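Asks: build the 3D model from these lines:
(chains A and B, ligands or ions: 32)
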Amino acid sequence: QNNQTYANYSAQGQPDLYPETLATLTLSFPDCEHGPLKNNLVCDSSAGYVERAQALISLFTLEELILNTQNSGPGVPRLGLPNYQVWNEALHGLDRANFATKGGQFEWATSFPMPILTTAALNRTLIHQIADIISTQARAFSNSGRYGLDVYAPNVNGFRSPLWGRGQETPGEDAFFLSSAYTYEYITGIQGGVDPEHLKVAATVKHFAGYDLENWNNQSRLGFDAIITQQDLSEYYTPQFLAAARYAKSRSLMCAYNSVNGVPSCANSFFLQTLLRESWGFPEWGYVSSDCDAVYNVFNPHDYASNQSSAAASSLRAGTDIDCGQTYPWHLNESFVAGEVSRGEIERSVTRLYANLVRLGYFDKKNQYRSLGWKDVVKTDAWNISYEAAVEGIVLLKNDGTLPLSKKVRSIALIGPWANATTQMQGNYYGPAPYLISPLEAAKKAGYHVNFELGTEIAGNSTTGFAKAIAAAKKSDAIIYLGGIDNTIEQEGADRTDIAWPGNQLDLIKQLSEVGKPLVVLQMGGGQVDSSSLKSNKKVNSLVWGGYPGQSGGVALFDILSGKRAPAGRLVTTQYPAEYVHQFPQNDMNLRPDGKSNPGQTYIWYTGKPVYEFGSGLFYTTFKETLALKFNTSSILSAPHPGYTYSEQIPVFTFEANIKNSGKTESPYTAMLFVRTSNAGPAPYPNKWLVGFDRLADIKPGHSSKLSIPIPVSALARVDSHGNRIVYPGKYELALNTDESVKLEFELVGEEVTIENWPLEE
Amino acid sequence: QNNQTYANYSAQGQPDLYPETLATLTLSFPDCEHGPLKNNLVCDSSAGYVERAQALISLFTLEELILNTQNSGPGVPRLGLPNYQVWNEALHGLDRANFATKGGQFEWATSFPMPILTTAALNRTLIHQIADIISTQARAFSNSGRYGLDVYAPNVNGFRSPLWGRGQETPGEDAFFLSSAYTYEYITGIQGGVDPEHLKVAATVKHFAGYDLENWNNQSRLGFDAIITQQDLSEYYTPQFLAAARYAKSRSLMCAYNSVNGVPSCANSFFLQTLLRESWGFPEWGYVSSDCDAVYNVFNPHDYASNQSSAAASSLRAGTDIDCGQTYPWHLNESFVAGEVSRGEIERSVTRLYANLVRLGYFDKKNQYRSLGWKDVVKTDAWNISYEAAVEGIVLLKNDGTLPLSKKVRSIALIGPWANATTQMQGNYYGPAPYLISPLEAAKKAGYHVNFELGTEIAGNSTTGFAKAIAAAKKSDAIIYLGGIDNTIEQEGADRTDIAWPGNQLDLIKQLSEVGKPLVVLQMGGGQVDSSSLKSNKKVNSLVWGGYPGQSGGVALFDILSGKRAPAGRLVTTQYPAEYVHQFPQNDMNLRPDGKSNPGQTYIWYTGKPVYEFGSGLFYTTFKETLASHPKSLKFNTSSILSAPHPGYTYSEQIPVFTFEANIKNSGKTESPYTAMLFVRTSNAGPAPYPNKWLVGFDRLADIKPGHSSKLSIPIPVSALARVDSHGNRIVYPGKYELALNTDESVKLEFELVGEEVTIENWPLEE
Ligand SMILES: *[C@@H]1O[C@H](CO)[C@@H](O[C@@H]2O[C@H](CO)[C@@H](O[C@@H]3O[C@H](CO)[C@@H](O)[C@H](O[C@H]4O[C@H](CO)[C@@H](O)[C@H](O)[C@@H]4O[C@H]4O[C@H](CO)[C@@H](O)[C@H](O)[C@@H]4O)[C@@H]3O)[C@H](O)[C@H]2NC(C)=O)[C@H](O)[C@H]1NC(C)=O
Ligand SMILES: *[C@@H]1O[C@H](CO)[C@@H](O[C@@H]2O[C@H](CO)[C@@H](O[C@@H]3O[C@H](CO)[C@@H](O)[C@H](O[C@H]4O[C@H](CO)[C@@H](O)[C@H](O)[C@@H]4O)[C@@H]3O)[C@H](O)[C@H]2NC(C)=O)[C@H](O)[C@H]1NC(C)=O
Ligand SMILES: *[C@@H]1O[C@H](CO)[C@@H](O[C@@H]2O[C@H](CO)[C@@H](O[C@@H]3O[C@H](CO)[C@@H](O)[C@H](O)[C@@H]3O)[C@H](O)[C@H]2NC(C)=O)[C@H](O)[C@H]1NC(C)=O
Ligand SMILES: *[C@@H]1O[C@H](CO)[C@@H](O[C@@H]2O[C@H](CO)[C@@H](O)[C@H](O)[C@H]2NC(C)=O)[C@H](O)[C@H]1NC(C)=O
Ligand SMILES: *[C@@H]1O[C@H](CO)[C@@H](O[C@@H]2O[C@H](CO)[C@@H](O)[C@H](O)[C@H]2NC(C)=O)[C@H](O)[C@H]1NC(C)=O
Ligand SMILES: *[C@@H]1O[C@H](CO)[C@@H](O[C@@H]2O[C@H](CO)[C@@H](O)[C@H](O)[C@H]2NC(C)=O)[C@H](O)[C@H]1NC(C)=O
Ligand SMILES: *[C@@H]1O[C@H](CO)[C@@H](O[C@@H]2O[C@H](CO)[C@@H](O)[C@H](O)[C@H]2NC(C)=O)[C@H](O)[C@H]1NC(C)=O
Ligand SMILES: *[C@@H]1O[C@H](CO)[C@@H](O[C@@H]2O[C@H](CO)[C@@H](O)[C@H](O)[C@H]2NC(C)=O)[C@H](O)[C@H]1NC(C)=O
Ligand SMILES: O[C@@H]1[C@@H](O)[C@H](S[C@@H]2CO[C@H](O)[C@H](O)[C@H]2O)OC[C@H]1O
Ligand SMILES: O[C@@H]1[C@@H](O)[C@H](S[C@@H]2CO[C@H](O)[C@H](O)[C@H]2O)OC[C@H]1O
Ligand SMILES: *[C@@H]1O[C@H](CO)[C@@H](O)[C@H](O)[C@H]1NC(C)=O
Ligand SMILES: *[C@@H]1O[C@H](CO)[C@@H](O)[C@H](O)[C@H]1NC(C)=O
Ligand SMILES: *[C@@H]1O[C@H](CO)[C@@H](O)[C@H](O)[C@H]1NC(C)=O
Ligand SMILES: *[C@@H]1O[C@H](CO)[C@@H](O)[C@H](O)[C@H]1NC(C)=O
Ligand SMILES: *[C@@H]1O[C@H](CO)[C@@H](O)[C@H](O)[C@H]1NC(C)=O
Ligand SMILES: *[C@@H]1O[C@H](CO)[C@@H](O)[C@H](O)[C@H]1NC(C)=O
Ligand SMILES: *[C@@H]1O[C@H](CO)[C@@H](O)[C@H](O)[C@H]1NC(C)=O
Ligand SMILES: *[C@@H]1O[C@H](CO)[C@@H](O)[C@H](O)[C@H]1NC(C)=O
Ligand SMILES: *[C@@H]1O[C@H](CO)[C@@H](O)[C@H](O)[C@H]1NC(C)=O
Ligand SMILES: *[C@@H]1O[C@H](CO)[C@@H](O)[C@H](O)[C@H]1NC(C)=O
Ligand SMILES: [Zn+2]
Ligand SMILES: [Zn+2]
Ligand SMILES: [Zn+2]
Ligand SMILES: [Zn+2]
Ligand SMILES: [Zn+2]
Ligand SMILES: [Zn+2]
Ligand SMILES: [Zn+2]
Ligand SMILES: [Zn+2]
Ligand SMILES: [Zn+2]
Ligand SMILES: [Zn+2]
Ligand SMILES: [Zn+2]
Ligand SMILES: [Zn+2]
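Replies: Residues are numbered from 1 along each chain as shown, chains lettered A, B, ... in the order given. Ligands and ions are numbered 1, 2, ... in the order given. The coordinates are given below.
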């Protein structure tokens, strides 16, 4: 929008936003005791939140309303109503806050791992606590005018194509179960419960819908039209958004840049009204924000409207309340002049935003959360849950017992473009951290003699660092290589073009494997890289996926390597063979194989052979898993469901298995539970789908902990050609983990039961 | 549905409901301190109303949920959740209550005038207070297990065709302003404010939409398919429902028997979702009830569904939550089995009902409204607002000085089928009253020597009774004829076939007028009758429309006639000439004239000559009305006016463009209250055809003494000036306009709207 020369937004992965959109404001609170609003109902803390917001909005001029439909809202100075920023980032810690540059206060926020790694821990409580800490820290910054009260998080789009530059931000490729679980735990942690009366921080689930690529084939997200079947819409692209609106009661949602089936998400009333509000129960006075700036893109380049005034009017009427950008505040005045919108439609949007602000305690100084301050940031950071998430999430992919490093290992050769990682560990959308503990520093602090060599860059074709690296290796007890990808390779605005290890890193690892010494390789980054050559190289003793480990990253990794903590992470996306992305266009949105070039996408549908499967992860011990069957769903759904708000949440039954530590190392345990069928519902039939997961606390050798995995009605439902979610009678089989240590056959009997009726598109 | 022999519901005006639907339950409240629910969140009075309702519903079996989608909900005995009745009538007082038959308490409730007469008073405060009394009495009965907490009221369909058997129930023919005003005052009075946290009684605005006939031409409402333009739908058939949902925040709404443009109202997602929820902000956890039993009629006779299971599914999915009938509770089980509905869809609807019950204090014994009792019925009844409404509403149509009856009038010949009226005064949907004061008992109480003769029946065809009535007239100082129509003529389930005085009443009136005595005619009933021959007969000294005056009807009538009170009512429908209904089909839903059979419908569009016009009414005095002041500029810029702050108004379209102000001087012999209707017209603003005029305001002023003046101030809201385009959009158009005060047009004021067109409402596309 703010381009200086011609800009092809069908190709360019990044918009050109106005400085106003991108500005860092200084925030504050209305003075309800002495200010101009003191006798208005909005300042009456005993009144209803809607009635309060309505009373306030009645005081605005038309132009004031319009200006306050943008993310950087100017407020209304004459009313003592301060500017308010809607665009705040919280993906895995505070970002876009007005951080102090000196003074020892508000200089930083806790930098948790990227969600990709945190989700690999398979721990729901963990996700929830991270969210709670983030929203405590948000309130603290807010109380000093340095952060808003709503957050553009979480990013829960399915990591469908492995080359997506933003998959790192997500809880993985399983939109239906794993992502939805993350969605619920994160949003309830941000918001302080399930639609509590006193909202903590408003979540903004994103990006709705069909957004999972930046610019593959030079087709920008900004102009992309996702051709998606109704079946896939219901099955893969929206179930996490149903979870957000229905179960978590997210106060906000962000509509995506792209179109779906010819309709821009932000101008899509089927999306924003029929689905979001009428099918999934999105809060009445919840509000929708556009992406930055998806309203502009309705016009340029989507051409769904002919100018900015019309793009504004179409988005507003479809259900987009707040524009991250300048199209609303600078063109809705034209929309009004042209009769395209009423003042009613504009007031509703602003009223929605302020209704949430009222709920958030914006006008109530005595509100419980208005007293959080810097010491609460200090205290929650000192809990070291960022370290804990990283430690629980790290994935051991290959190991011959070389890990944990034996007491005999005294010197290490520390090699690779991730060996001295600091800011690399933070991924993206991060603010300043209190500290960043590199793998190098953590290695020294662990008490190893460290021979550090860069060896080679992430993406270089230079070998001039090889010799010194081999030299450092030849004079060390073990080699620890840390490499892979980072945000120079995968980023917002630019997808990868391939999913192989970048540069000449694999050559360096090969030459290191032929040194004669034990070799541990840490594959870092969010997306996966093809590590088949490492899998098949016997001289590569150990392979670890370390994701983006956050502020205490080095210590988390080296506590795992040294065996202080025992790894238990599992992959939350498939590591595909490198040729996968060359086999079919990556913006083919069809999940199922087509018998042509599309081989099936994700662990659910892929007919090929993953290098490492979704759900791969090894332990420092061995476990012995043992089991501890005609179900009539219609009957099961006929019963009372105390403890569950929605009927589809009830277990069909609970999978019970004993988990014995048959080895000789204390270890926590993780499990994914999969189901499959070859006769229930329509063909084609999936490989399998995830229906449950859990993490159990450290189990001692000889001890047995019980794994209980409820199998909800919603999880056994399949999706028909119309998008309906229906539980079908037939034969199913559970399988525990990728190793399928335990399997359980059961039959579903009775008639088909409808779980959701998918509505017709407009 | 419960017919014993073949029933043709395309023709038959009344359904055959199962006894279960019609049953009189004994109600009670759950014990939230000690009962099975005490630890459930529903019994936590500090929790959110939605969360409370969700916690309760979670405890139900599927069958218990299904069974509690009917109006006579059985509750859940094992949970200590009592049966609850959704079908409670309150149109003009409590009805379908479990009235006691002995013991001196709860044997009766106040019987107000039918809303048609109440509305004629043009008094907003009156309507609101009536509604407040009704809801106080509702809660009092509720607290003794004798009534529910939601009411199937108000009926606010525009009384469009004059032969409608139920137009009597409505605030008249002006859907946009007059009916919408009644809707607001009544619903907020019923509900105890504007969506208050503590709801007093849930209102159910009805009937949505296109419903304004019972069985004209033997086409029953049960199978009627209204063909209505989007323009008419926005302009005439729905504005009162926008008002109910948006301004009044009605907690419930009732969907109609009929289809509109091929889609039954209760299976109509455009109506129940797109318009109701997305356009007008109907409460998120408000609920929709069908009419009794419109869900059944989706199948039989509409054939929109092939069976009851499919009819239930379609109605539920479209947005109908509660069935007045047994289609839901006895066939949603089948819908579920067939995969047509989810348990989620069923749960939402029951949760919706119980969310309102939570808000109504159904689970909180300490709720403000849970202590109201029989003494509160006695107290509110004794205020005599029923009497007051009738006396305010009575309309003086014709007079030469005969009314009020002079002191010279000692004896009266009281003639007519309405002369000894008791139950006739109650109209329809009435429960037992404390008493009923007939016009006969009232005349005797007031001190006149009364010579009473029936004369003829309402629909009588014999002249045998004439002679005694004529003899009585000859002995008396004045003749007071009371007749017209009643509920043997106009009723639920059966429209009138014509709009003339029934039977030989006019022939009797003619002969009474040949006697040579002063003659006063009281024209009773809700619908109008063609009184043109009474209008032109110089020996009919006076004509009064008395509507259905309720429990103290006789005293209201004779206090007016005696001059103890002075009349100020104005007609709220057009009194058409009898020919009107025989010129064009009465199910032609187009308001505009078409240059063929349709002369235009209502005072807004009618091109013929009313016998008495909408807004007709005379006083016991005369008034001089003069423009008080106008804004310096009479060129109003709507876009600019709407751009300003609007403190004191929730919605921008509610702000005044300006205020019409007049001085009202009593220029006669007698102290009198005053009423005014304010009309606007345009010859160039908006699209053609241009209407006659349309109502934009009204008011009633307190007694004005001879020679004294009072101020009349009538704001002109932006919404009132908006016109409707061919697509249903509400747009304020620039151009020339003229206000006219009353039917006599005593004051007129030209103004101009300048600047661009302004969109007030975008009418959504149908599905
Ligand atoms: C203001 O409010 C007050 C308080 O409510 C009103 O006062 C009440 O007024 C009514 C009506 O006048 C009065 O009820 C009558 O009481 C009489 C003595 O107790 C009764 O004899 C009379 O009974 C007749 O009506 C019954 C209906 O239930 C019939 O069933 C019964 O058969 C009686 O009818 C006989 O008599 C009538 C004429 O008298 C005759 O036509 C019949 O054929 C039959 O022979 C009434 O019940 C109350 O007692 C008053 N209550 C109090 C507390 O004072 C007052 O009316 C209000 N004012 C206005 C203007 O509305
Ligand atoms: C699934 O995730 C949950 C939630 O994160 C996790 O439970 C958590 O475990 C951590 C780690 O033990 C707990 O963190 C501690 O909490 C107390 C507060 O009660 C703090 O005092 C502790 O801080 C000190 O100790 C740290 C570690 O020794 C030091 O680094 C630090 O500087 C402090 O001195 C510490 O933060 C946390 O309390 C729980 N959280 C909850 C909600 O229970 C659980 O273990 C995971 N489950 C499985 C099976 O893995
Ligand atoms: C558990 O939480 C504590 C408290 O936040 C962490 O302690 C902190 O560790 C960092 C990194 O080593 C220290 O920062 C460093 O401090 C030195 C000296 O002041 C400075 O020269 C370095 O540049 C660096 O900033 C920090 O001082 C220390 N803070 C406290 C209060 O002890 C600890 O790291 C956490 N544990 C894990 C495993 O993450
Ligand atoms: C709609 O609003 C925009 C933004 O306020 C207007 O554009 C501004 O016009 C003013 C006055 O001419 C200039 O001084 C500003 O520099 C413009 N601002 C921006 C951000 O472009 C626009 O003119 C308005 N349109 C109408 C019809 O009122
Ligand atoms: C590892 O990275 C750290 C941090 O980026 C490097 O530390 C810097 O070292 C220079 C002196 O050589 C100091 O002046 C800077 O203040 C340090 N930077 C920061 C951000 O603290 C360190 O050199 C790197 N180690 C290597 C390359 O072996
Ligand atoms: C309009 O109706 C109101 C409400 O019923 C009338 O005010 C009532 O008048 C009666 C009889 O004088 C009193 O007993 C009530 O207490 C009054 N009620 C209230 C709420 O004030 C009012 O007189 C009518 N207005 C006009 C102008 O005739
Ligand atoms: C759905 O529910 C209705 C109401 O309970 C069932 O109708 C009853 O069926 C029994 C046995 O068929 C009959 O004896 C009764 O006459 C019916 N009762 C009533 C009140 O009508 C119906 O069977 C159920 N259908 C299904 C498929 O479960
Ligand atoms: C006017 O109507 C009243 C009420 O219906 C009549 O009162 C009834 O008259 C009969 C016979 O006289 C009595 O036995 C009943 O008890 C009365 N019923 C009630 C409810 O009061 C009255 O007779 C009628 N008057 C005339 C003159 O026809
Ligand atoms: O998740 C969304 C992102 O989609 C956008 S991306 C945005 C593009 O425009 C500039 O380059 C911005 O710096 C960049 O963040 O940002 C908002 C997030 O919440
Ligand atoms: O306003 C509605 C009415 O339309 C229905 S009509 C109903 C038809 O079936 C029986 O005869 C009943 O006695 C009659 O009321 O009733 C409910 C009202 O609220
Ligand atoms: C910006 O790019 C658009 C096309 O996206 C083009 O129409 C316009 O001319 C450009 N603006 C400027 C100032 O170059
Ligand atoms: C803009 O980019 C699109 C997609 O990459 C491409 O098809 C088109 O040729 C480009 N248009 C211009 C004018 O360069
Ligand atoms: C995308 O565009 C750039 C030119 O800016 C080009 O270097 C690159 O080869 C293109 N990629 C594809 C797949 O066409
Ligand atoms: C803007 O675009 C709309 C269509 O999206 C069109 O109807 C309107 O006339 C356009 N206005 C101007 C000023 O070009
Ligand atoms: C399943 O349950 C339903 C309802 O409980 C029952 O009607 C049906 O007969 C059962 N069918 C089987 C095969 O168990
Ligand atoms: C009731 O009427 C329907 C048609 O409306 C007819 O099919 C049926 O025979 C009747 N039922 C009975 C029991 O007479
Ligand atoms: C039912 O009534 C309709 C309309 O009055 C008529 O067309 C039809 O012939 C009747 N059907 C039967 C079976 O009598
Ligand atoms: C009921 O009618 C519907 C059509 O509305 C049809 O699809 C369904 O199969 C019918 N069910 C039965 C049991 O006949
Ligand atoms: C009056 O009506 C009755 C019953 O309908 C009938 O027997 C009689 O013939 C009618 N008489 C006249 C004069 O219309
Ligand atoms: C009406 O007001 C609008 C908004 O202030 C302004 O743009 C326009 O010029 C005005 N038009 C007239 C005719 O006064
Ligand atoms: Zn003070
Ligand atoms: Zn102050
Ligand atoms: Zn919590
Ligand atoms: Zn509180
Ligand atoms: Zn513009
Ligand atoms: Zn008790
Ligand atoms: Zn009130
Ligand atoms: Zn309260
Ligand atoms: Zn049929
Ligand atoms: Zn039909
Ligand atoms: Zn059936
Ligand atoms: Zn005729």
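
Asks: from now on I want contacts and neighbour counts done on CA atoms only, so please keep to that.
Replies: OK.

Asks: what ranges do the helices span in the stretch 251-400 of chain A?
Replies: A:269, A:294-299, A:308-318, A:327-337, A:343-359, A:374-382, A:385-393 (DSSP state H, counting those that start in this stretch).

Asks: dump the ones you listed into CSV; add distance to residue B:321 and mean neighbour count as well.
Replies: Formatted as CSV, the helices of the stretch 251-400 of chain A follow (distance: least, CA to CA, whole Å; neighbours: other CA atoms under 10 Å in any protein chain shown):
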stretch, distance to residue B:321, mean neighbour count
helix A:269, 24, 22
helix A:294-299, 36, 30
helix A:308-318, 26, 25
helix A:327-337, 37, 22
helix A:343-359, 26, 22
helix A:374-382, 47, 17
helix A:385-393, 46, 26
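
Asks: tabulate those (JSON lines), appending distance to residue A:651.
Replies: What follows is these, written out as JSON lines (distance: least, CA to CA, whole Å):
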{"stretch": "helix A:269", "distance to residue A:651": "33"}
{"stretch": "helix A:294-299", "distance to residue A:651": "40"}
{"stretch": "helix A:308-318", "distance to residue A:651": "37"}
{"stretch": "helix A:327-337", "distance to residue A:651": "46"}
{"stretch": "helix A:343-359", "distance to residue A:651": "34"}
{"stretch": "helix A:374-382", "distance to residue A:651": "35"}
{"stretch": "helix A:385-393", "distance to residue A:651": "27"}
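
Asks: can I get those in JSON lines with distance to ligand 10?
Replies: Listed next are the helices of the stretch 251-400 of chain A as JSON lines, based on distance: least, CA to the nearest ligand atom, whole Å:
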{"stretch": "helix A:269", "distance to ligand 10": "34"}
{"stretch": "helix A:294-299", "distance to ligand 10": "46"}
{"stretch": "helix A:308-318", "distance to ligand 10": "34"}
{"stretch": "helix A:327-337", "distance to ligand 10": "41"}
{"stretch": "helix A:343-359", "distance to ligand 10": "32"}
{"stretch": "helix A:374-382", "distance to ligand 10": "58"}
{"stretch": "helix A:385-393", "distance to ligand 10": "60"}
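
Asks: quick one: closest of these to residue A:672.
Replies: helix A:385-393 (14.0 Å; CA to CA).

Asks: could you check the angle helix A:374-382 makes with that closest one?
Replies: 20 degrees (axes from the mean of the first three to the mean of the last three CA atoms, to 10 degrees).

Asks: return helix A:385-393 as CSV; C-alpha atoms alone will do.
Replies: Provided in CSV are the C-alpha atoms of helix A:385-393 (Å, rounded to 0.1, in the frame of the first residue of the first chain):
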residue,chain,number,x,y,z
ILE,A,385,9.6,-22.5,32.2
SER,A,386,11.3,-21.5,29.0
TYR,A,387,14.2,-23.8,29.9
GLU,A,388,11.7,-26.4,30.9
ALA,A,389,9.7,-26.3,27.6
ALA,A,390,13.0,-26.7,25.6
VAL,A,391,14.1,-29.6,27.8
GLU,A,392,10.8,-31.4,27.4
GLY,A,393,10.6,-30.8,23.7
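
Asks: which residues touch it?
Replies: By CA atoms under 8 Å, 6 or more residues apart in numbering or on different chains, the residues outside helix A:385-393 that reach it are A:110-113, A:117-122, A:126, A:130, A:546, A:549-553, A:555-557, A:559-560, A:565, A:567-570.

Asks: narrow these to those in strands?
Replies: Residues of those located in strands (DSSP state E): residue A:546.

Asks: just the ones in helices from the contacts of helix A:385-393, please.
Replies: Cross-referencing the contacts of helix A:385-393 against helices under DSSP state H gives A:117, A:118, A:119, A:120, A:126, A:130, A:553, A:555, A:556, A:557, A:559, A:560.

Asks: and residue A:197, which of the three is it?
Replies: coil (DSSP: H, G, I helix; E, B strand; the rest coil).

Asks: so how far is residue B:51 from it?
Replies: 11 Å (CA to CA, to the nearest Å).

Asks: ok, residue A:131 next?
Replies: Taken as CA to CA, the span from residue A:131 to residue B:51 is 23 Å.

Asks: same deal with residue A:268?
Replies: In terms of CA to CA, residue A:268 sits 30 Å off from residue B:51.

Asks: point me to the residue of chain A nearest ligand 12.
Replies: Ligand 12 sits closest to residue A:11 of chain A, with a gap of 4.0 Å, by CA to the nearest ligand atom.

Asks: give me the neighbour count for that residue.
Replies: 19 (other CA atoms under 10 Å in any protein chain shown).

Asks: over to residue A:101?
Replies: By other CA under 10 Å, 11 other residues sit near residue A:101.

Asks: grab the nearest non-local neighbour of it.
Replies: Of all residues not flanking residue A:101 in the chain, residue A:107 sits nearest, at 5.9 Å (CA to CA, 6 or more residues apart in numbering or on different chains).

Asks: go on, residue A:224?
Replies: The nearest residue in space to residue A:224 (CA to CA, 6+ apart) is residue A:258, at 5.1 Å.

Asks: that neighbour against residue A:227, yeah?
Replies: No. Assessed by CA atoms under 8 Å, residue A:258 is found out of contact with residue A:227, at 10.6 Å.

Asks: could I get stretch A:46-54 in CSV with only the CA atoms?
Replies: Provided in CSV are the C-alpha atoms of stretch A:46-54 (Å, rounded to 0.1, in the frame of the first residue of the first chain):
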residue,chain,number,x,y,z
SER,A,46,-21.1,-2.1,38.2
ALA,A,47,-22.8,-1.9,34.8
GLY,A,48,-22.8,-4.6,32.0
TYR,A,49,-19.8,-4.6,29.7
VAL,A,50,-21.8,-4.2,26.5
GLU,A,51,-23.8,-1.3,28.0
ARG,A,52,-20.6,0.3,29.1
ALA,A,53,-19.0,0.1,25.7
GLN,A,54,-22.2,1.3,24.0
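
Asks: list of residues touching it?
Replies: Contacts with stretch A:46-54, where a contact means CA under 8 Å, 6+ apart, come from A:41-44, A:285, A:351-352, A:354-356, A:358-359, B:197, B:650.

Asks: would you turn those residues into JSON lines with distance to ligand 25?
Replies: Below are the contacts of stretch A:46-54 laid out as JSON lines (distance: CA to the ion, whole Å):
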{"residue": "A:41", "distance to ligand 25": "35"}
{"residue": "A:42", "distance to ligand 25": "33"}
{"residue": "A:43", "distance to ligand 25": "35"}
{"residue": "A:44", "distance to ligand 25": "38"}
{"residue": "A:285", "distance to ligand 25": "28"}
{"residue": "A:351", "distance to ligand 25": "24"}
{"residue": "A:352", "distance to ligand 25": "24"}
{"residue": "A:354", "distance to ligand 25": "26"}
{"residue": "A:355", "distance to ligand 25": "29"}
{"residue": "A:356", "distance to ligand 25": "29"}
{"residue": "A:358", "distance to ligand 25": "32"}
{"residue": "A:359", "distance to ligand 25": "34"}
{"residue": "B:197", "distance to ligand 25": "42"}
{"residue": "B:650", "distance to ligand 25": "29"}
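
Asks: out of those, which touch ligand 9?
Replies: Among these, none lies close to ligand 9 by the criterion of CA under 6 Å from any ligand atom.

Asks: next, count neighbours for residue A:564.
Replies: 11.

Asks: kind regards, and thank you for your time.
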